[PDB]
Structures are given as structure tokens and as C-alpha cells.
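# Model the structure of this input:
(one chain, ligands or ions: 3)
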Amino acid sequence: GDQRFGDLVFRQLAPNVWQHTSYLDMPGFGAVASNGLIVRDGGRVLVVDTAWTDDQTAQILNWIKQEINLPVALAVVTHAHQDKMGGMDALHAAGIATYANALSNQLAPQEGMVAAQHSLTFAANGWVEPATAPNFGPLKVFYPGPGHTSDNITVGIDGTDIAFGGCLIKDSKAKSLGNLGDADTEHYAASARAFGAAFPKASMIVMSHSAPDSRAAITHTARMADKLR
Ligand SMILES: Cc1cc(Br)c2c(CP(=O)(O)O)cc(=O)oc2c1
Ligand SMILES: [Zn+2]
Ligand SMILES: [Zn+2]
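Residues are numbered from 1 along each chain as shown. Ligands and ions are numbered 1, 2, ... in the order given. The coordinates are given below.
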């Protein structure tokens with residue numbers, strides 16, 4: 001049940017969870033879809049990842065207003081590339097509190113991104129330091145190790161069967177690991193497996209560039225990444 005809304009696509013995944021999809025015509029790579037998440041937690045909405053652009057991200061907020069009609073309490077973005085952080089200014093213009101891995105905020109200017117307002121830090125075992133992620137509700141933020149990028153983070157949704165791998169995870173039939181320009185090829189496989197181990201109950205794996213898949217997305221991604229070493 002995909003819903004076309006302007007140039008974006010929205011798909012309900014669970015009673016309180018929707019996937020947002022936006023597109024950027026990247027010369028040399030076609031019009032690339034990127035997915036994030038929208039989660040209703042009681043009387044507020046939480047967003048995972050921007051769209052590629054400010055205008056698209058404002059359209060996400062317009063869809064939220066029309067389909068949910070509750071305030072967006074915060075957004076968390078999953079690394080410092082345009083598909084995940086390109087719309088930061090639109091969130092700030094809307095008055096939404098924004099969060100990213102401290103490393104993502106440090107990298108943002110050189111990547112052409114605007115930093116989030118708040119920095120997440122992580123324990124040695126990968127779980128977010130809880131004081132840095134206040135009021136995250138059901139969102140469980142995990143740093144699995146370097147993979148697609150050194151700063152990539154992942155998000156589970158407590159109370160659902162959903163976990164979000166962002167650009168770390170590719171679908172179970174993917175032919176490649178995509179853009180490795182900023183990747184850590186030696187650690188990728190272990191990081192993919194650590195994501196799976198952090199969210200063992202998640203049977204629906206959501207990711208940046210394919211429709212939600214089974215956990216075979218994790219095993220297949222890791223198996224491809226074993227070849228990078
Ligand atoms: C060279 C290059 C750089 C990026 Br920054 C991308 C992205 C964004 P990402 O998915 O790596 O976060 C998507 C893509 O399709 O091709 C790219 C190629
Ligand atoms: Zn990326
Ligand atoms: Zn990506």
C-alpha cells in the first residue's frame with residue numbers, strides 16, 4: 001500500500017510506523033530512492049533520517065501533518081551523507097530537535113551537510129549513552145561499528161518487529177554493497193552482524209535503498225562484506 005504524495009512515497013509498516021521514500025537524480029547513478037522512518041509514540045511523532053533535500057523533508061512534515069496531525073518531537077539521522085542529513089535545515093526551520101552520532105556532526109560540514117543540534121555518544125558495546133538520547137521513546141539507537149561509513153548508526157523500534165539498518169544493510173538479493181567511497185571494508189561484515197545481534201527479535205529489516213526485507217538482508221549483506229576482506 002504505497003502512497004504517492006507529491007514526489008515522495010509513504011508506506012505503512014506497522015500500526016505506528018511508516019517508511020518515507022525520496023528520490024535524487026544523481027548524475028551517473030539514476031534517480032536513487034532513499035528510505036527513512038516515521039514513528040508515532042503516543043501524542044508525538046519521531047523521525048529517522050531526512051529526505052535528500054530540504055524541500056523534500058518539508059514535504060515529509062506536510063505528510064505527517066495531514067496523515068498523523070501530531071507534533072514531531074525529534075529526528076535522528078543515521079550518518080553524514082545527503083540521503084540521511086540533506087534536509088536538516090528543514091527540520092530546524094520547523095522547530096524540531098535533531099540528533100546524530102557525534103561523529104556525524106563533526107563530519108557534517110566537510111560533507112556539505114548541516115549538523116544536527118545534539119550529539120549522540122555510544123558505549124564501547126555500541127548502545128547509545130542514554131543521557132544523550134532523551135525522550136527517544138521506543139527508538140533504540142545502536143552503533144554497530146564502521147561499515148557503509150565510520151559513523152553509521154542503526155535504530156530498533158521497541159514494541160514492533162522492525163529494525164532500521166540505514167545504508168549499512170542491503171536487501172537479500174542485492175548484487176553489491178553500493179557506495180563504498182566512505183566505507184570501512186575490513187569491518188563491514190562484523191558491523192552488519194553486530195546490527196543483527198543487537199536486534200534479534202526484528203523480523204522486518206528496513207534499509208535505505210530497498211523495500212523492507214526479512215533478516216536474510218542481514219546475512220546476505222554480511223556474506224557479501226566477507227568478500228571485501
Ligand atoms: C559517489 C556516491 C556518493 C553517494 Br554519498 C551516493 C549515495 C548516498 P549513500 O547511499 O552512500 O548514503 C547514493 C548512491 O546511490 O550513490 C552514491 C554515490
Ligand atoms: Zn551514505
Ligand atoms: Zn545509501
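# other SSEs contacting the top helix by length along the chain?
In the chain, with assignment by DSSP state H, the single longest helix is helix 54-67. Packing partners of helix 54-67 (3 or more Cβ pairs under 8 Å, 6 or more residues apart in numbering; DSSP states H and E): strand 2-5, strand 8-14, strand 17-26, strand 44-48, helix 88-93. The C-beta positions use only the backbone N, C-alpha and C, and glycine is treated the same way.
# Partner strands of the third one, with direction?
The strands that strand 17-26 pairs with in its sheet are strand 8-14 (antiparallel), strand 30-41 (antiparallel) (by DSSP bridges).
# how far does it sit from the chain's center?
Chain-centre distance of strand 17-26: 11 Å, with Cα atoms, centre = their mean, to the nearest Å.
# residues touching residue 70, list them.
By Cβ atoms under 8 Å, 6 or more residues apart in numbering, the residues touching residue 70 are 40, 43, 44, 45, 64.
# In this protein, which residue sits nearest ligand 2?
residue 81 (3.3 Å; Cβ to the ion).
# Distance check, that residue against ligand 1.
3 Å (Cβ to the nearest ligand atom, to the nearest Å).
# same thing with residue 197?
In terms of Cβ to the nearest ligand atom, residue 197 sits 23 Å off from ligand 1.
# What about that residue, how many residues nearby?
12 (other Cβ atoms under 10 Å).
# so which strand or helix has it?
helix 188-198 (DSSP states H and E).
# which one of the helices and strands packed on helix 54-67 has the most crowded surroundings?
With neighbours defined as mean count of other Cβ atoms under 10 Å, those peak in mean count at strand 44-48, which reaches a mean of 23.
# and the angle for that one with helix 54-67?
150 degrees (axes from the mean of the first three to the mean of the last three Cα atoms, to 10 degrees).
# helices or strands next to strand 44-48 in the packing?
Other elements packing on strand 44-48 under the criterion 3+ Cβ pairs under 8 Å, 6+ apart are strand 30-41, helix 54-67, strand 72-77.
# Strand partners (parallel or antiparallel) of that strand?
strand 30-41 (antiparallel), strand 72-77 (parallel).
# Just the residues contacting the helix or strand that the last one is followed by, thanks.
This means strand 72-77. For strand 72-77, the following helix or strand on the C-terminal side (DSSP H and E) is helix 82-85. Helix 82-85 is contacted from outside by 24, 32, 34, 36, 49-50, 52, 77-79, 100, 104, 108, 111-114, 116, 166-167, 208, using Cβ under 8 Å, 6+ apart.
# what subset of the contacts of residue 70 is also close to ligand 1?
Of the residues in the contacts of residue 70, proximity to ligand 1 by Cβ under 6 Å from any ligand atom holds for none.
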